[PDB]
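Remarks on the structure that follows.
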Amino acid sequence: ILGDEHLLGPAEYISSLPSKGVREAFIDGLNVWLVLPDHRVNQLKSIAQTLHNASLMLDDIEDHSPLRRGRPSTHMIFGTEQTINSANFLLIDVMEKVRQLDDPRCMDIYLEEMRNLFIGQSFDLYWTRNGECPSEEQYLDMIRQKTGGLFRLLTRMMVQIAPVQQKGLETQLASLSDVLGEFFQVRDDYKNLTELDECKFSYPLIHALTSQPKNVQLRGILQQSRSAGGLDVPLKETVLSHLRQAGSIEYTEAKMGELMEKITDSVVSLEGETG
Amino acid sequence: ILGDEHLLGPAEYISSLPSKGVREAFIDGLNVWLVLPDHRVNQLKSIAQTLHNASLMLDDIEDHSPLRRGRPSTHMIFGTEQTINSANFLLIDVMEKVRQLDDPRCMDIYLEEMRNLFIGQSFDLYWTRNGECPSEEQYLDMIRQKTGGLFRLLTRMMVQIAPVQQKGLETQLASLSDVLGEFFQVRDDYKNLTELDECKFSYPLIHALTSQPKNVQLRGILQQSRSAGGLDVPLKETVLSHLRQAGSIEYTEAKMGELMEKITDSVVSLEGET
Amino acid sequence: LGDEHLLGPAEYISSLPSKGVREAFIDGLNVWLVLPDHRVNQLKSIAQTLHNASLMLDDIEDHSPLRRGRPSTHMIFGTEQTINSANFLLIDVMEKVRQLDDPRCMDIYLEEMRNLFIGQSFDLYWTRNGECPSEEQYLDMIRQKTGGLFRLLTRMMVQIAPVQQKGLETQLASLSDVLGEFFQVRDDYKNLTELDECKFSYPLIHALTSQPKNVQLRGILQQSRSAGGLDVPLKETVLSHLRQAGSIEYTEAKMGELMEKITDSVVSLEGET
Amino acid sequence: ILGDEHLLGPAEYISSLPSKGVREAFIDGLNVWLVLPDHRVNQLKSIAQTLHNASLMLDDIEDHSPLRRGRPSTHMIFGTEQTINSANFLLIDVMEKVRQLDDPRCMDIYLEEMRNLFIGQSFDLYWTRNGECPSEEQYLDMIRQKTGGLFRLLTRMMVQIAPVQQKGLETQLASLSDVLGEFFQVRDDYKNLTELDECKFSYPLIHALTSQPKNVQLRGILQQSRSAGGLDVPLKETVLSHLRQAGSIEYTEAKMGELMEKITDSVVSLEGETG
Amino acid sequence: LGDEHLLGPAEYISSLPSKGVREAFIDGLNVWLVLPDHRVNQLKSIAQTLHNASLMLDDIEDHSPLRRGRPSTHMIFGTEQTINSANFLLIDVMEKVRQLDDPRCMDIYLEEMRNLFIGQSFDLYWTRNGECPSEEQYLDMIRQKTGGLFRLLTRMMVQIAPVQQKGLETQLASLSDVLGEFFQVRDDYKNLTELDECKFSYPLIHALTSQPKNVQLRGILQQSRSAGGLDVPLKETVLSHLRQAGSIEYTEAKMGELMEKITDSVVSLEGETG
Amino acid sequence: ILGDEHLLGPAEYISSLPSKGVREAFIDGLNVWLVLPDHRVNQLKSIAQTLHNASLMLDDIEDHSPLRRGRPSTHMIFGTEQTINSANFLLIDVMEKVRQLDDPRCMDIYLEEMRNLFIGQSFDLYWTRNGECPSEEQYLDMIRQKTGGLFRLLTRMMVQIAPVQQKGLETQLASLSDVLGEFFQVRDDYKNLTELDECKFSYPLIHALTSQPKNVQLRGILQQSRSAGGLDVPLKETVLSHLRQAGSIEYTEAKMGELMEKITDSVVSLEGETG
């Protein structure tokens, strides 16, 4: 008995799709400050890759997206249950990968970071399903964990196995990672209306729903999206019109600029500390 | 501030349900041969309970079961996505518990038997999706990992923390765990049959399909179940009648008796030396 | 490549319990027509196969999940396989018809099959479009659709009949039509007194004709047409609407009138023979 | 009642649609060798037309095809029940036409050939519904019976009708008809692929599933087709790419060439014992 | 040209078993106001037509297959025909009100219809969007929706009343509002102890307000919204959740206070009338 | 609480979509003969606008049309129940506008006209639901009330408000309004065909079904529309071809020419009476 082809199928399929390598680029860009050996960097890149693949496999299912990068999703080639099983086993694979790093504290780092990531994802799922619009503070503290959790996990693990010296700069890099994840989430939200069908809240939408508590048209359109399975294109342009009248797209520009200013200042401070 | 109300909701709901507790009884029975402190036994009981709860939560979404033990399933109270999120987090939660047993080898054991469990469940899911009837050996090898995986996982950790002396009692206990896992699945198939909707293969239904290669009615009802999504009572009666013509029920009785003979022999051999 | 997938549905529907009206009718005719024993069994085989094919097609065309409290053929083998088996059954019945050593039997078979299909086509058109037929139209449709098998069997038995049996052609055919009409009226009475697809019946036509402005009945019938079936309270409402108009007594009167004709025809045939 | 109008409705609608006259071409082609009178030729052509119309009318129902030759199918204008009824009556009509050929053996030929046609159809339906992949030999036999059945029936009736003399060239023409029907089916399978929706097995698909008994992606896509009752375009492109990766499109062009060589040799042989 | 297809849905719901709360209320008020039988019958017809139109619209807007154990109007005539008939019923009532020989009755009718529709609009918004109203909001909604007809009839009866009974306006209006609140709370209690369209109620509002972290109840309410209603095991779970927070006792308390107010108002009116 | 947010939500939305002002132009047209003060004309225009908005709100629901003038429909933003409630209350709104005209005979004209409007709508709905083809006369009477009711109502109110000297016209103007409504309905029927997805009976379709009792294809396509829910485009071309072969379009432009001739004669007579 040497067959493990119905368990590794979805993982290989999702790993065969094209990607931008943002996490690999982040690992490489953090390696200048923390001079690490090559094989450790390859191990960290592998861990990040498989964790991202598992997250994508789960999110495809939980968002009912027939297409991923123009190509078919994993659950339309293998089924929902097999994809769920493979995603569950990917956690054990990342477990063996982290075990191979020869560091007892990477254990606790991995476990705590996964706990935070799951908390964030649970809050996002509750808000999406129950149709409850969160506040700006709640939404922004959600995306510090759901999206910035991977960056914080990789940063802490990278700092742990770095050669001594670079130990007091963990907090600076953790703050940088949180700001970076916030920037990615807000950028995604922006380049999705000026470019969801499953009633996903966004940064532009919260401002519109808060500054206008009496706007019944937007709320009714969102309710139709909820109890319809999605919106048609003419119903979609109405949401864009409402957001553009409420001035939420510029409110997103303000946040984008503030986050980039914070990123630039953090990077400048980190370069000043090191060198 | 920090409540974790939407993460632990499904876990608490499924943990607040009635249960038979076969895993806890197995642990307590093993504790006689391998003398252990209460603290370690309770830790292992918690680990087994959490793993069983996660497995139960996952196999209701994958089987489309509206009810469990007469009560509504977890995904009908919280949602499919939230239940999946909690089930995956429970794996990490147990991961933090195997680490508190103070043994590096326990994590290896965990990481190997979880792999075996996932392989078995993947094969079961593939046979359910694509209606491919496995051989009897294939089915028995699947259920030696899908169902006996928990028992083996608990057994190999208990001998690792067992105080010195008893160390050669490893192969016999593993064989006992595998035979118990096989018996507990043949028994469930027999009880479910003699007392379909998801079109899941069973031990009698493989013998029926193998001994009768030209039974078109059975193969057609099995496909109507798959396509329509479920079988009405008259169709279930037709399947049950087709299964008595091939003598599949007696074939299940014989396998149950043969398995129980192995269990008795294993117990007598283990109690002979210790 | 055998016929496991071709004779599956036919063998399944043959295995199911049945009543045996056709075989009893053949045996009853054999008293007058004194056929040899082998030919009687051949005709019973033909009648059984034709009836089984008709039931197989009607189950699909009426969306009936059950037959005699047992799963229907197309819920075990599928719609396409059942249609293919029903077509092969028609192909097979004639190979038996050609074994009766009579060229005229083929002509009889072909003409009565044409009549069968015409009647069934009118039934299907009335059901799909929701158009209520008149009394004469419905009576002719049930005279061809249900009385056609009896006619076919009667004419073949008279052709095979040993010599004589010259004038026993119009009387026996009229008896066949009357029996086929009576069976349909009796089934229509039974299915209602003690379906979901809004199938027109003798009680329903009288109600829809005698009451030109009964909006409630037509609305319930259209609800059955659209939703796909009548729940229990709507069925009770329809039955109350039928009791109000007196359709049940009309059906009883029609049954009695038909049985009078059956009795008179039997007495006449007994008188000559 | 005497109006036979709800019975011939579908039969005339399917006849009004455009066609290609392959069966008429076959009859003209064999008439050079068998030289039988003109009215018999018209009778045989009408029999072939009616049988083909009935087969198409039933196929369109059994394959859930909303369109036929661009125009709507028969069951979308008259309903499934009426279409089935008309297709059932068309057999009896063809049967009335056969008896006018004035030959008792013609009825025997017709009754024996329709049995093979129905056996082939039954195997096709069983393989389609149950999702069971046939072997190459079984598929070739099925398409030899299902598709070559009409050609075999016509060519066996033609020799019986044709003026005595020529009687020994019956087996040769039957082999020619079987090869021609197999060629037609393989050509249709290749064209539909290069230029499956209702889970139909083809010649390239069997080769793909047999050469690689580990490709879980192809099997999963085939399953998804069954579950959803059809395939989307990105999903179909994946199947086409998988087939082109296994060399099935060339394994089909080899079979087509072999069949054409067999057809040419059969025609040459049949032209050497006539003239 | 010949009516029908318009009055048919109206006649179907008119010829159905009823209770007659509105008619009894009119007869009870006539003791204090004393109106000729002609006017009383006119008001009774107006009330019957208004109640029937409200029921026809509510059955459509709640997807109720049955009413009083008999099929609903829209299940015999279709949604569109029922809507058209209910619309024409308002014009018909507008014709009856014009026959009371008073221009002020028309103003009363037009100013109570607006309140009725405002309350119904808030109910529809809360039902569709899943928003949970506050106790004050819910009690203000049912004071206009269910207490609208009682107030409308009351204010017409005191305008036609002979010997212009001075005052007897505010007291009777308050009596109508408290009766309308009592009837809705009573119906809410009866439906629970003795939803499928996800309608809110006093016990459910109390349960959702007292326990802001009960994720199970909110999840079940969301499941009701998604899959078009609940099932018996899930309704039992909701009932068990409501008996833990003391919602039923809260409903008894509200019912008792409402009945005390009714008794006090009635005795106050009887003291001055005699 | 002030309220009036979920009541005047669909009414304001339907009043914001672009319109053509046919009924406002009609009101201005008759104001030349009936010299009325400006504010009385504005009141009548408000009444007509709100009545038309309520009718459109109701009609969109009974036709399951997701789009109105390209923009999303009212029941796709507020739901069916809320739109029904607002349309119900719009009648009570037109009530006070009519009462503000200061004329006891205008509350009477209103009720009788709305009764005929509802009778016509009821017949339209019954024919649409229970698959019943009306005759030519029944269809013409139904469209004289369903469509010409608003014109008659506005005309009678305008005559009542106008000075007593110009009150002998009425009849003339009422006949003009009936012919105008018939022309509008026939124009819409012609334009929806030249340019049954809800199985609606039009003027050409009644002729097509009446002049051809034995045409089974048209009735089958209509029943397919009834059952499935709508007609695909290849099925629409079949209906169009059947109508063209039946010569039903020329019947329609003959009807339009006759109606325009009647309108011209009526206007000429009305100008001859006045002046």
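Numbering starts at 1 and runs along the chain as displayed.
The backbone N, Cα and C atoms fix where each Cβ goes, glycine too.
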Among E:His5, E:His38, E:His51, which is the one Swiss-Prot gives for the isopentenyl diphosphate site where E:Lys19, E:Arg22, E:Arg68 also bind? E:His51
Segment assigned the feature motif 'DDXXD 2' in Swiss-Prot (from E:58-62, E:78-82, E:208-212, E:268-272): E:58-62
Here are some binding-site residues: E:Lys19, E:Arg22, E:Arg68. Which one has the most Cβ atoms within 10 Å of its Cβ? E:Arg22
Using C-alpha positions only, work out which of the binding-site residues E:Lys19, E:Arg22, E:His51, E:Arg68 is nearest to E:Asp58 (Mg(2+) 4 binding site). E:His51
Residue pair E:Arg22 (isopentenyl diphosphate binding site), E:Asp62 (Mg(2+) 4 binding site) - Cα distance, angstrom, rounded: 23
What same-chain residues, at least 6 away in sequence, bring their CB to under 8 Å of the CB of E:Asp62 (Mg(2+) 4 binding site)? E:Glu197, E:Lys199
Could you tell me the whole-number distance in angstrom separating the Cα atoms of E:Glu194 and E:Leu195, on either side of the 11 residues that were not modelled? 13
Who sits close to E:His51 (isopentenyl diphosphate binding site): which same-chain residues at least 6 apart have their Cβ under 8 Å from its Cβ? E:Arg22, E:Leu149
All chains considered, the count of other Cβ atoms within 10 Å of the Cβ of E:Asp58 (Mg(2+) 4 binding site) is 16
Within the motif 'DDXXD 2' (E:58-62), how many residues are helix, strand or coil going by DSSP? 5 helix, 0 strand, 0 coil
If you measure every Cα to Cα pair among E:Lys19, E:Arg22, E:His51, E:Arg68, the residues listed for isopentenyl diphosphate, what is the largest value in Å? 17
